[PDB]
């Protein structure tokens, strides 16, 4: 039931994407919407360990959202879950590992929807 950072959101809504990086591996985090081959958003690499890289606000398009984490020119292995609070506040959580590392906490990406 962990998936690979791919989510189905309600179509045509705003959502938030927040990245928190633990490992200082200068990761690139790309967010892709539907079948567009260019990322709708990209986080540049952390400049420090346990760094909050900020929040981006995006439109879900037709609803398909994929997060890809790259470190050292390879895709980091990912685990993702969805959860919601009272079927009102929805979350996607992605843990990534750049190693070696077996722990899925080198990088974290939080998705939240809807906004407001």
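Positions refer to the first chain, counted from 1.
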Mean C-alpha B-factor higher for 73-81, or for 40-48?
-> 40-48
Mean C-alpha B-factor higher for 49-57, or for 31-39?
-> 31-39
Sort the modelled residues of this chain by their C-alpha B factor and say whether residue 105 lands in the lowest, middle or highest third.
-> highest
Would you check the entry's CA temperature factor for residue 21 and let me know if it's in the chain's lowest, middle or highest third?
-> middle
Sorting the chain's CA B-factors, does residue 66 end up in the lowest, middle or highest third?
-> lowest
